[PDB]
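Asker: Sequence, then the experimental structure. Questions to follow.
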Amino acid sequence: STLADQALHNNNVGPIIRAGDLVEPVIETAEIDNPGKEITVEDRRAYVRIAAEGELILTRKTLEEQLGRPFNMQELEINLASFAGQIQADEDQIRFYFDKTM
């Protein structure tokens with residue numbers, strides 16, 4: 001009599017963040033840090049966009065920290081452009097998750 005649909009699971013995350021520099025060798029190193037042997041990036045120039053599976057975990061917070069040692073974490077949450085899923089940063093790490101309900 002009634003139907004419904006659901007999509008509570010990982011699919012594809014589209015993290016969008018401003019661009020700067022050294023994001024090429026940084027993204028490559030930030031990609032190897034994670035077993036993302038099946039992801040695609042979309043760096044135009046002004047901004048940096050990615051397309052991961054959904055459940056990823058980055059620990060290259062150091063490489064991202066060095067990019068601007070003379071700063072804070074507020075810059076991170078500031079360097080935001082757009083998103084698709086969720087994300088959770090740790091002491092010195094950044095994990096991305098597409099899953100809605102957690």
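Answerer: Thanks, I have the structure now. Numbering: from 1, shown residues only.
Asker: Check the chain and tell me which residue is nearest its centre.
Answerer: Central residue of the chain (C-alpha atoms, centre = their mean): residue 15, 4.9 Å from the mean position.
Asker: if I look at that residue, how far off is residue 85?
Answerer: 8 Å (C-beta to C-beta, to the nearest Å). (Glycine included, C-beta is placed from N, CA and C.)
Asker: Now for the two: what residues contact both?
Answerer: residue 96 (C-beta atoms under 8 Å, 6 or more residues apart in numbering).
Asker: re the thing from before, now do the contacts for the residue nearest to the centre of the chain.
Answerer: Residue 15 touches 49-50, 52, 82-85, 87, 96, counting by C-beta under 8 Å, 6+ apart.
Asker: Same question for residue 58.
Answerer: Contacts for residue 58 (C-beta under 8 Å, 6+ apart) come out as 30, 33-34, 93-96.
Asker: cool, and residue 19?
Answerer: The contact partners of residue 19, by C-beta under 8 Å, 6+ apart, come to 43-48.
Asker: Format those as JSON lines; extra columns: neighbour count and distance to residue 20.
Answerer: Formatted as JSON lines, the contacts of residue 19 follow (neighbours: other C-beta atoms under 10 Å; distance: C-beta to C-beta, whole Å):
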{"residue": "43", "neighbour count": "13", "distance to residue 20": "11"}
{"residue": "44", "neighbour count": "8", "distance to residue 20": "13"}
{"residue": "45", "neighbour count": "7", "distance to residue 20": "11"}
{"residue": "46", "neighbour count": "8", "distance to residue 20": "10"}
{"residue": "47", "neighbour count": "14", "distance to residue 20": "10"}
{"residue": "48", "neighbour count": "21", "distance to residue 20": "8"}
